[PDB]
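Asks: Starting from these lines, generate the structure:
(chains A, B and C)
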Amino acid sequence: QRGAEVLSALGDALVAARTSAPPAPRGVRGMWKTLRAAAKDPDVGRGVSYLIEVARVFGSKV
Amino acid sequence: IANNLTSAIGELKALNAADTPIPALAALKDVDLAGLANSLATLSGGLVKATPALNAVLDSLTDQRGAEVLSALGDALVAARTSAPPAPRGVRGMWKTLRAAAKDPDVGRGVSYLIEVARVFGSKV
Amino acid sequence: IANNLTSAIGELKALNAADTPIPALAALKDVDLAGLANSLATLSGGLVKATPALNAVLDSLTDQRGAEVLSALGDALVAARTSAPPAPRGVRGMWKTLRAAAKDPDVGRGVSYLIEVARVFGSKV
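Replies: Numbering: from 1, shown residues only, chains lettered A, B, ... in the order given. You can find the structure just below:
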């Protein structure tokens, strides 16, 4: 069931992102501003915790 | 009795049901039907249990935005085999290429979208 | 009458029409045909609606460059189980490995291509 929930959450995240994505970072200063906004966000926080977790559990099996 | 059989046969002809002829099953011999049946049987207990996960994937494809995103990813892979910039030679080349990409407004949209997916996915996990 | 039946069968024998020899269809009871039908029934309304997304995926696979890219990704996953370098021990090891990768010309091509995909996807979103 956790695999089904993860795929639902990825599909919804792609479908939502076509409509909710923030305006494009203009240049290296814009890119650093957007990355420094994302690195404050608690939900981008959960997504990065999960991707570090997948990289650990995959990396425990390879 | 011949007139009775004529009226009986004459009734049968009037009845109409949809009929379509498509006789091309020859490649079934070419198909490894015996092997494929083993593959399907092995996966049937997995497929039946995976039905809720397969439906949740399909539901995300029933949104037109899901179709547009997959089209845009497929085109981006196919184009990139022909449009990709020459390889960054060494750590100074790598930093030059990353500093060129971090000026590009279209790489800008792609990074905005990947930060968005990481937020919306991270809102659900 | 025997000669009439002989000429009739002799015309049946000269049939001259399509004929195929296929004899193997074993392993159907083992298949959970009813179970797959149950999976298909819950999935049919999803599959029919997903047809435009499934076509947009298939269209990106009809380009030979799409086939080449998927072959190159599959081979890279399979090879990496056997060729991957020993694990970076700690933050100093991690920076040494990343600084080795950022000298490699083939990791160079891979990073050029991923920046290209992020540009072409980012030109369509």
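
Asks: Which positions in stretch A:35-49 come out as buried?
Replies: Of the residues in stretch A:35-49, A:38, A:41, A:43-44, A:46-47 count as buried by neighbour count, 16 or more other C-beta atoms under 10 Å in any protein chain shown. Using the backbone N, CA and C atoms, a C-beta is placed for each residue, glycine as well.

Asks: How about the most centrally placed residue in chain A: what's its closest non-neighbour residue?
Replies: Taking C-alpha atoms, centre = their mean, the centroid of chain A lies closest to residue A:47, which sits 4.6 Å from it. Take residue A:47 and drop its neighbours on the chain: the residue closest to it by C-beta to C-beta, 6 or more residues apart in numbering or on different chains is residue B:122, 2.8 Å away.

Asks: what's near enough to touch the one you found?
Replies: If you count contacts by C-beta atoms under 8 Å, 6 or more residues apart in numbering or on different chains, residue B:122 has them with A:43-50.

Asks: what would those residues look like in JSON lines with secondary structure?
Replies: Listed next are the contacts of residue B:122 as JSON lines, based on DSSP: H, G, I helix; E, B strand; the rest coil:
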{"residue": "A:43", "secondary structure": "helix"}
{"residue": "A:44", "secondary structure": "helix"}
{"residue": "A:45", "secondary structure": "helix"}
{"residue": "A:46", "secondary structure": "helix"}
{"residue": "A:47", "secondary structure": "helix"}
{"residue": "A:48", "secondary structure": "helix"}
{"residue": "A:49", "secondary structure": "helix"}
{"residue": "A:50", "secondary structure": "helix"}
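
Asks: Now flag whichever of those is closest to chain C.
Replies: residue A:48 (16.4 Å; C-beta to the nearest C-beta).

Asks: which stretches of chain A form strands?
Replies: Counting by DSSP state E, chain A yields no residue ranges for strands.

Asks: which residues in chain A form helices?
Replies: Using DSSP state H, the helices of chain A run over A:2-20, A:27-38, A:42-61.

Asks: Give me the angle between the first one and helix B:33-62.
Replies: Using axes from the mean of the first three to the mean of the last three C-alpha atoms, to 10 degrees, the inter-axis angle of helix A:2-20 relative to helix B:33-62 is 40 degrees.

Asks: now helix A:2-20, how far from the chain's geometric center?
Replies: Centroid displacement of helix A:2-20 relative to its chain, using C-alpha atoms, centre = their mean, to the nearest Å, is 11 Å.

Asks: repeat for the last one
Replies: Relative to the chain's own centre, helix A:42-61 is displaced by 10 Å; criterion: C-alpha atoms, centre = their mean.

Asks: before we move on, back to that, ok, so of the buried residues of stretch A:35-49, who is nearest chain B?
Replies: residue A:47 (2.8 Å).
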